[PDB]
């Protein structure tokens, strides 16, 4: 194989495939990138065995088919170390790979492409297309609620499910839950799968909002996303994600509505006032009013009252400031709505305008 590429075209990709890896080669070959040239394009592939990234690069100047494997980091630095605008002619020769540019010329060791733990193709059970911005919104609106290293592994990821012309994502960690749905103008069979935390993060990263629409493929043990010249593949978590519909407060009767920005500000100084930040906050709802207070049991305290739109039956309930603020920051809007029940049952925060996204937070002991 052989190819010549403006240093600028090869940089972005080189950096993408040999991306979030770099812990320690669990295996030699794993610290290598697979380079394949065939039919006008150059394909670079990186893997950690949980998820793989592929980058396609159009070969405009003369090129020659072939395939090999080379240390991802070293090769990247080499390229990154050349002056910008410099063309980079790469050529396989023996069991070494030559990188030549101007008069700088290096040669890296290799390992047979055949040995690269490349994923042998699979078959998608479902697939569709949505704007990159739609996927971005779905992941952004709910990813902060994923579990992290929880013992219930099926929680250390994000759920993806379809029904009708809609795609939704739901994340949870036992305590708070986020869910968001978006129409994608396509009749989808209803399906559901858990994408790993690390997979979601990467998918997130690779979205540039841009014109390129995203194209998704859910297989049976993997999920794939083509965004322009990149292709992300990840394994799905093998577990049963809990039913998010059974934990949404049922037929709520207590409903308050306030200014998002204001609710935030109040919790911010209920936090600042708390010397025991694990204690959290204590809210009190009464007709068109909300008394919030950082709660510290052995000290008397200053409470701040807010003018809110509430009514029905007054009550008190404890909350973890994080959870709540997380939701307010996620619901970047003017007014927020909250639906309650008990001082022991969950609550549901939501934009007062749209209902794409919904958040369920479990109250604190108090």
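Positions refer to the first chain, counted from 1.
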Q: Report the stretch with the higher mean CA temperature factor, choosing between 23 to 31 and 44 to 52 on the basis of the entry.
A: 23 to 31
Q. Mean C-alpha B-factor higher for 202 to 210, or for 171 to 179?
A. 202 to 210
Q.
In terms of recorded Cα temperature factor, pick the maximum from 196, 131, 259, 102.
A. 102
**Q.** Given 218, 247, 139, 188, the residue at which the Cα B factor reaches its maximum
**A.** 247
Q: Using the B-factor values recorded in the entry, state whether the Cα atom of residue 255 falls in the lowest, middle or highest third among the modelled residues of its chain.
A: middle
Q. In terms of the CA temperature factor given in the entry, to which third of its chain does residue 80 belong: lowest, middle or highest?
A. highest
Q.
Going by the CA temperature factor in the PDB record, which third of the chain does residue 14 belong to: lowest, middle or highest?
A. highest
Q. Which third of the chain holds residue 366 when residues are ordered by C-alpha B factor: lowest, middle or highest?
A. highest
Q. Lowest, middle or highest third: where is residue 347 by C-alpha B factor in its chain?
A. middle
